[PDB]
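Here is the structure we will look at, set down as structure tokens.
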Amino acid sequence: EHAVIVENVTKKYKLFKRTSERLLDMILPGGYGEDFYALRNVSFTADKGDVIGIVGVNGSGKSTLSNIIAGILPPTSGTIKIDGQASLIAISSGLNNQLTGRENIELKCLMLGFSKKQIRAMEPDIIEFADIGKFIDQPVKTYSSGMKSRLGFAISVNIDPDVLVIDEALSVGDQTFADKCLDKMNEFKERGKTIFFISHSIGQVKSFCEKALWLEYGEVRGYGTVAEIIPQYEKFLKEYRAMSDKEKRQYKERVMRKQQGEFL
Amino acid sequence: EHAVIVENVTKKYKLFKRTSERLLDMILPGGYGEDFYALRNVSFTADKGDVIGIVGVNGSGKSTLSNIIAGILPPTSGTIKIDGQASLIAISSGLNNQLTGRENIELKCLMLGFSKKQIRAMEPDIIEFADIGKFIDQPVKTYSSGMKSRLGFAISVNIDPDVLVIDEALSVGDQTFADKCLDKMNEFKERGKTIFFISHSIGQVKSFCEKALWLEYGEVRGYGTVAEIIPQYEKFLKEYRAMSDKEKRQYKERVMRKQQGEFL
Amino acid sequence: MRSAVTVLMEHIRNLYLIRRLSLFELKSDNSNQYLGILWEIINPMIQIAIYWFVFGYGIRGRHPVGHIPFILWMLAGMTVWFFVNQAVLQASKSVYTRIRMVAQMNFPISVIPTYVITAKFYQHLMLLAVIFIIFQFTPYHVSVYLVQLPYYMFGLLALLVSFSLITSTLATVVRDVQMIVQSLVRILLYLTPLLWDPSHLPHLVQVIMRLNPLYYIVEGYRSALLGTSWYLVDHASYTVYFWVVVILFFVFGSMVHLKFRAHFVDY
Amino acid sequence: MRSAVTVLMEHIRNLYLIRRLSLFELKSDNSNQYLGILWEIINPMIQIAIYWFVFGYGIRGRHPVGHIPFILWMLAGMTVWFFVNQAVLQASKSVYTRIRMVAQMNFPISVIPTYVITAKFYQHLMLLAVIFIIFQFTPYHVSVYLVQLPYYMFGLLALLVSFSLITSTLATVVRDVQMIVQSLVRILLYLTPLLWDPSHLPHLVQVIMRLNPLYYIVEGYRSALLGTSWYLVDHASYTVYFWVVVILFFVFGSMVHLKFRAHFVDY
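Chains as they are written, first to last, in my numbering: chain A, 1 to 264; chain B, 1001 to 1264; chain C, 2001 to 2267; chain D, 3001 to 3267.
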């Protein structure tokens, strides 16, 4: 109900200027390392939505906020309650580079969790969808770089989860495969589940999303639909890119105003 | 002189339907595996050039023809003679994920080969170019995915080789870093060395290249400058994408005409 | 407090999962890497004869007091240790690697050290398979009236599938017991008698050596040639010690798992 | 035919390269992984006492005929083997991995197994460093009049930097000598006498045991407590055998390198 209960989320993995833990420590388990936050007091609602874009600058990581919602990192402070959500997108990951195409389908479809009769019903569509015909009986280390991504999208789409989270590709593919790919992602938009999309392509996120966050160093600077935020996000970049008033004279100050934005 | 002596290049890594070599063999070293070519009789000239794009479909791999020219794979038949060429682009590769930013600069700048006084002269520009300031004294496994690519481009650009080869990024970066990145690649265009660029972005390769190949399953179908080839390449895709006459009825035949294109 | 029911129900719901991707790593490492395959009987058979050549030549006579025991006593025991030296170590480091490629899926992580042990279980069914071909040249032909060891085979499964939770879950949080069990698997060649006869000692230090449960299973496989068709009741005072140290490891292994299950992602 | 000049000139042009990224893997594996560091003296000192406890208790008396040799005889020799068991194996598999991340650069690949050996050379300068603290409790205090072993230390460099070309270049083309040297490093605990006294045998099989060059260096480090300040001339008939098997390995290692140097990319 309302599709996220995101409230006051903070996350910190802290700074170690020297080698790893117990670098100077005693029987007392406390260490001496510098503090660093990554998220600070995030609270929003998704009200069953359709789709939310996430933009900004990747100094704010932006994948941290994603896989929190995927339920695979623990937040330091705050509670999040959704549903039977997705493991986000298993593109180009989990594919062992020693097994053939028949084999690695049985890897990842079992890793996502499907019964032994479901993997035979789901079998011949995937080979039909990837179009790598003779190479399906040959291990992945022989494939080119555009064929792993061709294959890895084909398995990790037939998921039927509740809450999707997409990384910054959305059509990784090739020319004349992205047309199959974008039409496949129109099914999730048609079905009406929630999709959290992350990109830097402003043209795609205008063409695909309805609501949109905007994150800056853990701080949610504004959250509306699309119509005012992204041009104000473009107002920030055109301010920043032009001179932004002498990037040593003010942007060094700006980061120090934003390093002051690590705290009160 | 003429910047490549590419002539009649063929390359084959052959098909093994079962497990690896000596799968059925005796003291005679011959094996029983199915033949598969990847390049067939490639011959072209680059006449000091400026830049050559490479397009097509990534069923033809397209990185094979690149790193042949980088001199790191041996061709089966044919000779290639260039110069003191480049190791192509070391983006996102060779970075050990256990060492800090000060350390991995000393990795890759030594891996490419520079004296101990050159790495201190080249030092503070790279930190100035990457803009990851506090994280420069922290190992790479703490970085986000857009910061490794931020860093990995910064080292593997100051190379001064003779013949560059670029993979399919050309500005991997972020927004408001690609503007620094594209201006850095304008130096190589200004200096006048040869650059072999590979992409699927038709809009970038029109905006960046002067000559262009077009490769199809190892067969060089046409090679001119830009002005006729890419629209004819777009004529092929708009033929292919629309229906291409019932993709089971003719495109299954088309691949079989092109599997017949593995031979006479 | 019974949290171990939650672990054991996961292995019931995924018994096809634990078998189907068991043999993939067997296919990944033993095959599709090199030339002619199955070094894993070629390698230990060279590796057995080295330990006989130095230790049979201190025990040239003076063999165990039956008429048969020789090398016959030795390689009947050395089947077990090959499923320990390279099955406790790689089970421990199974969660150091591959969590990035597992946590992005949805299936219980408790099964993740348990199949790689069973991937090394098929090492037996080629190595222990070829010991009968040796043991068809004994004075007995096979001793079909007693080769009954599925129960003693099931102990090696039950011990190692339980012990690789204290050394897999607690491995990732500290990354130092990996260095410990790299030596603790070493000391379990000599703390347990795979090599000599422990009857060189009175009934205190001799009896306080079988606190190690691993010595019990070695008495099983060495009784694959004896004839003791009721080998429980002659040592029933501590065959229940074996089935209580496995249930202690399994409960304590479950407790250390679920108190850390959703936290090992920054390791 | 002298192709080995081309290999040796590459190590001259990259002597800063071979040192600066030597200690990075030392920084990569020993540090930045876990808690409190340098197990690599904590681990072998546990690992030494296991081999004494089983072998000193067969040689309780009957020690080497000097007044001192005991454990003193043993751990003075066991310094060498720790730089063999985990320095021949990881040198061999150094070119299986990381060629994808090396061939995309431009520097000679002959140096690529040679620094990872020297990365394990600093294992000595913490382990052999802490043997003097033990050896300041001998009847001699240090024997400053003879601890002269830089020459005998340089043999371990020269042997292993040469031998890890026949087992690194020829490793990648077949991927089976990795399984061979995984056992051949095992047989070189007992083929060479790190443990017993080889004077249990007449002058044929005893003399035909030091064909292994590794036994010569063990005679060096055991002579770190003797006083033989001219330990060449008493065994000069085969100390030139040592310096001819290293030049045979280095020439044959170069020949197998350059006949395959531009081909191991599909392996």
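The beta carbon of each residue, even a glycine, is placed where N, CA and C say it ideally should be.
> Using the beta-carbon of each residue, which ones in chain A are nearer than 7 angstroms to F2264(C)?
Replying inline: Here the premise fails: no neighbours, minimum Cβ distance about 10 angstroms.
> Looking at chain C, which residues of the segment 1012 to 1023 of chain B have a Cβ within less than 8 angstroms of any of its Cβ atoms?
Replying inline: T1019, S1020, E1021, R1022
> Starting from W2052(C) and walking both ways along the alpha helix (DSSP H), at which residues does that stretch end?
Replying inline: 2039 to 2055
> Whose C-alpha, out of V3111(D), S3199(D), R3002(D), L3157(D), is nearest the C-alpha of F3242(D)?
Replying inline: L3157(D)
>> Restricting to Cα atoms, I'd like to know which of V2265(C), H2263(C), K2259(C) is closest to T2006(C).
In response: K2259(C)
>> Please identify the residue among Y3215(D), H3200(D), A3236(D), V3245(D) whose C-alpha is closest to the C-alpha of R3062(D).
In response: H3200(D)
> Can you tell which of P3113(D), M3105(D), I3059(D) has the C-alpha that lies nearest to the C-alpha of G1113(B)?
Replying inline: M3105(D)
> Do you know offhand how far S1077(B)'s Cα is from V1009(B)'s?
Replying inline: 6 angstroms
> Distance, Cα to Cα, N1096(B) vs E3025(D)?
Replying inline: 10 angstroms
> Listed in chain order, which residues of the segment 198 to 227 of chain A have Cβ atoms closer than 7 angstroms to some Cβ of chain B?
Replying inline: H200
> CA-CA distance, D131(A) and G1059(B)?
Replying inline: 10 angstroms
> Using the beta-carbon of each residue, which ones in chain D are nearer than 9 angstroms to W2243(C)?
Replying inline: Ordered by position in chain D, no residue passes the 9 angstroms Cβ test against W2243(C), which lies about 30 angstroms from the chain.
> Applying a beta-carbon distance threshold of less than 7 angstroms, which residues of chain C neighbour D3176(D)?
Replying inline: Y2034, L2035
> Rounded to the nearest angstrom, how far is the Cβ of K1011(B) from that of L1039(B), given a contact under 8 angstroms?
Replying inline: 4 angstroms
> Quick one: which chain D residues come within Cβ less than 7 angstroms of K1116(B)?
Replying inline: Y3016
> So what's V2246(C) in DSSP terms, helix, strand or just coil?
Replying inline: helix
>> I'd like the span of the alpha helix (DSSP H) that includes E1(A), first residue to last.
In response: Taken as a continuous stretch (DSSP letters only), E1(A) belongs to no alpha helix (DSSP H), as it is neither H nor E.
> Taking just the CA atoms, how far does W2073(C) sit from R2222(C)?
Replying inline: 7 angstroms
>> Run through chain C and tell me which residues come within less than 7 angstroms of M3179(D), C-beta to C-beta.
In response: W2039, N2043
> So is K1141(B) buried or exposed if we call it buried at 16+ other beta carbons inside 10 Å?
Replying inline: exposed
>> Could you compute how far the alpha carbon of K1081(B) sits from the alpha carbon of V2080(C)?
In response: 59 angstroms
> For the segment 3183 to 3203 of chain D, which residues have a CB atom closer than 8 angstroms to at least one CB atom of chain C, in sequence order?
Replying inline: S3183, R3186, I3187, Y3190
> Going by DSSP, which residues form a beta bridge with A1212(B)?
Replying inline: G1053(B), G1224(B)
>> Whole angstroms are fine: how far does the CA of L3225(D) sit from the CA of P3064(D)?
In response: 13 angstroms
> Three-state secondary structure (DSSP) at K1141(B)?
Replying inline: helix
> In this structure, does DSSP put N67(A) in helix, strand or coil?
Replying inline: helix
>> According to DSSP, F196(A) sits in a beta bridge with which residue or residues?
In response: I52(A), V165(A)
> Which residues in chain C sit within 9 angstroms of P139(A), going by Cβ to Cβ distance?
Replying inline: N2032
>> If I measure Cβ to Cβ from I1195(B) and keep anything under 7 angstroms in the same chain, skipping five residues before and after, which residues do I get?
In response: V1051, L1164, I1166, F1188
> Thinking C-alpha only, which one of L1073(B), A1086(B), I1105(B) is nearest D1137(B)?
Replying inline: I1105(B)
> What residues of chain C sit near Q98(A), judged by a beta carbon separation below 7 angstroms?
Replying inline: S2028, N2032
> Can you name, in chain order, every residue of its own chain whose Cβ lies under 7 angstroms from the Cβ of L2191(C), other than the five neighbours on each side?
Replying inline: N2212
> Using the beta-carbon of each residue, which ones in chain A are nearer than 9 angstroms to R2020(C)?
Replying inline: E106, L110, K116
> Got a sec, what are the start and stop residues for the beta strand (DSSP E) residue 309(A) sits in?
Replying inline: One cannot answer for residue 309(A) here, as it falls past the ends of chain A, which runs 1 to 264.
> So what does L1015(B) bridge to, in DSSP terms?
Replying inline: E1034(B)
> Taking only runs of the alpha helix (DSSP H) that begin and end inside the segment 3137 to 3213 of chain D, which ones reach a length of at least 4 residues, in chain order?
Replying inline: 3150 to 3166, 3169 to 3174, 3177 to 3187
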